[PDB]
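[1] Partial complex here, more coming in a sec:
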Amino acid sequence: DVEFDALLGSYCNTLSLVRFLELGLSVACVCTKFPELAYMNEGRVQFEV
């Protein structure tokens, strides 16, 4: 007598790394980096009209 079980293949996903600038919704904002935001207390921007 000869018997055996088997494994056939092993399949995975690939998580798509998505840079935000790959989108063109980033036209709608000017996205600039603070290295520090949590220590700031005053968040006012001057507008000249």
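    Looks like it came in fine. Residues are numbered from 1 along each chain as shown, chains lettered A, B, ... in the order given.

[2] going forward, measure contacts between C-alpha atoms and count neighbours the same way
    Fine.

[3] How many residues are close by residue A:41?
    Neighbour count for residue A:41, taken as other C-alpha atoms under 10 Å: 7.

[4] Give the phi and psi angles for it, as a check.
    phi -110, psi -30 (degrees, to the nearest 10).

[5] and residue A:44, what are its phi and psi?
    Main-chain dihedrals, residue A:44, degrees, to the nearest 10: phi -100, psi 140.

[6] That one: how many residues sit nearby?
    Residue A:44 sits with 6 neighbouring residues when counted by other C-alpha under 10 Å.

[7] Then the one 5 residues further on?
    Residue crowding around residue A:49 was assessed by other C-alpha under 10 Å; the count is 3.

[8] what's it in contact with, if anything?
    Contacts for residue A:49 (C-alpha atoms under 8 Å, 6 or more residues apart in numbering) come out as none.

[9] how close does it get to residue A:43?
    19 Å (C-alpha to C-alpha, to the nearest Å).

[10] throw chain B on there as well:
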Amino acid sequence: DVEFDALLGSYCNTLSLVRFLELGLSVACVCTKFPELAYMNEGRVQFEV
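    Alright, chain B goes in next:
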């Protein structure tokens, strides 16, 4: 503990560019200027038909 008082980039400059000749409503005009006018009482225009 760090305290910050930050004013950000004053990203608002409203520009107004005006020229009456860039408007083509000056087709409907005869624009001449007196370099000094207001001394004059009554200018008149003669039509002969």
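
[11] and the neighbour count of residue A:44, now that chain B is in?
    Residue A:44 has 12 neighbouring residues, counting by other C-alpha atoms under 10 Å in any protein chain shown.

[12] is it in a bridge, and if so with what?
    Counting by DSSP bridges, residue A:44 is bridged to residue B:7.

[13] Quick check: it touching residue B:7?
    Yes. Using C-alpha atoms under 8 Å, residue A:44 is in contact with residue B:7, at 5.8 Å.

[14] how far does stretch A:15-23 sit from the chain's center?
    6 Å (C-alpha atoms, centre = their mean, to the nearest Å).

[15] now do the same end-to-end measure for it.
    From its first residue to its last, stretch A:15-23 covers 17 Å (C-alpha to C-alpha).

[16] So which bits of chain A are right by chain B?
    Within reach of chain B by C-alpha under 8 Å from any C-alpha of the partner chain, chain A has these residues: A:39-49.

[17] May I have the residues that are in contact with residue A:40?
    Applying C-alpha atoms under 8 Å, 6 or more residues apart in numbering or on different chains to residue A:40 gives the contacts B:3-6.
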